[PDB]
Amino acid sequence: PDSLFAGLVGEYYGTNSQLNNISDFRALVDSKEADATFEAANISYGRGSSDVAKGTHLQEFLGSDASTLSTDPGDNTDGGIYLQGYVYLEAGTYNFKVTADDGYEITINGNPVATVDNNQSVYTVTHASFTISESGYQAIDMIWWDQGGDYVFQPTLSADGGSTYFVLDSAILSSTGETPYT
């Protein structure tokens, strides 16, 4: 039985190897069990300095979500998160606008909808639009990492052609696709 909460299932992975791109972080995820798990209920993390994977920087980055950490990871030089679950979206057109250091990839129903496949200091990208064909809980996953230095991750979403954007949070997230009443 998987817990039902208004958020995505979060895993944190640290490493002392360099993370240069999405493939490197995905390989880290594949290589071992998560260094910590958490509930990602308010996906607006950071900004901070001096390496996400050091000290209590992960706690600071995750903020409101850090109280669900399964453990306090030890130090690493590099690290990132893998989030997976569901997001309620009505049928229609949407686009992400993501602020991040370093890179990331967001997929919905198996299709990438926001990608930065490299390291970068803090930068905001307005991504291309995508469509949702059927209203309901859509499958979503995210990866984000920090190679070192500063770190931030805020993937906002627009339903109105880029006029307004919202953070993905407990209003619309579900860990299993069932309706949360939490």
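We number the residues from 1 along the sequence you see.
- Between the stretches 76-84 and 103-111, it is 103-111 that shows the larger average CA temperature factor.
- Note on 125-133 vs 151-159: mean CA B-factor is higher in 125-133.
- Highest C-alpha temperature factor among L173, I22, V167, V9, as the PDB entry reports it: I22.
- Highest CA B-factor among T37, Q59, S44, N118, as stated in the entry: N118.
- Ranked within its chain, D146 lands in the lowest third, by CA B factor from the PDB record.
- The PDB entry assigns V52 a C-alpha temperature factor belonging to the lowest third of its chain's modelled residues.
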